[PDB]
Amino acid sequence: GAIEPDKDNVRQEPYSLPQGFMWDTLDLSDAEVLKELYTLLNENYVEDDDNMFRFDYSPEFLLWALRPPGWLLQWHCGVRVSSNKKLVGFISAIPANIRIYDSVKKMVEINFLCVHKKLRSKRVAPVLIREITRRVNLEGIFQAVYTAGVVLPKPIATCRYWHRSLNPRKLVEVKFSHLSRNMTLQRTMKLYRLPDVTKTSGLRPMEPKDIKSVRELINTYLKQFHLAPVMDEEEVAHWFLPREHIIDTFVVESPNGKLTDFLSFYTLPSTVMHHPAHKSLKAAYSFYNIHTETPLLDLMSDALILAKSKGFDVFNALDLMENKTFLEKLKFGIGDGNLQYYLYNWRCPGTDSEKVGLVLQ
């Protein structure tokens, strides 16, 4: 359970930054500030282990990820250089109802912790963590969930990335992938060829009228996992209604009209930092895929077909939920990255990745 009880005293004044820095609460409704945050992340956020790719979250994507129902302006915490007002730090919290084993707790999800490359090792990130903790506590929330590539003490789970090539030649050219150990490039491309049309009957984009049904579908499905979100109708609409270049959700409407399944994946390109011919890698990420009548394998096959039809170069997925049941069959290849999940102020046994039912952007 909780390590420390809900506090009886929380600091009311912001924590002190090092000299030369100032706090700024970012209002992403100001296109100027949203562009500043986009630039910060596009130039300084997470890169692959060999520094060839760097996340390229779009401004619209940041709006989708950072303002779900109940979002708070004070939880978009930025840090600027005082002398020239340049944005050099950021961290964010968004509210969520998170079920850990049997306990449904109001928590925050922490994300987008980023400090400018030139202003690192100045102990800015620890102050950012303290300050977001303070701002969350003052709203009456004392647990958090988050993910990281770094191995910190006592993760609740470790998940592995897998990758399904959709544009093998490009992936090989930019060194995201490599030539098969014993096949020509051409035979590799033939190996990963997908059908031109989906197979599942009744597969169609999600629409507003689907909200409640989708809610019903996900909250039931997620019951089997040890860590998972619990979503109300507003949250379902936010996280799953299609937004072009951001989030795609397809539902399976049975003949009578009931929804029986749905698949979803979000759009998250990577900058290719040093290639003479390629500047970006278009990647889809598996989000939440719920099955009650369609086999999960056919579901994810259709997901791959749709991502391909939409011009994606690769389809990524973690080995959580039931994903291990289709990863190898659908020709995913194991990635070189591990994602750890962590709970703040909650002590509980760790679990396996297939018992993790939470996906963060």
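Just count from 1 along the sequence shown to find any residue number.
The PDB entry reports B-factors from which the mean C-alpha value can be compared for 265-273 and 149-157; the larger average falls on 149-157. Set 178-186 against 232-240 and average the Cα temperature factors; 178-186 ends up higher. Annotation for 246, 136, 77, 259: 259 ranks highest, by Cα B-factor. The deposited CA B-factor of residue 163 belongs to the lowest third of values across its chain. Ranked against the other modelled residues of its chain, the C-alpha B-factor of residue 22 as given in the entry falls in the middle third.
When the CA B factors of the chain's modelled residues are split into thirds, the value for residue 301 lands in the highest one. When the CA B factors of the chain's modelled residues are split into thirds, the value for residue 132 lands in the lowest one. Ranked within its chain, residue 294 lands in the highest third, by CA B factor from the PDB record.
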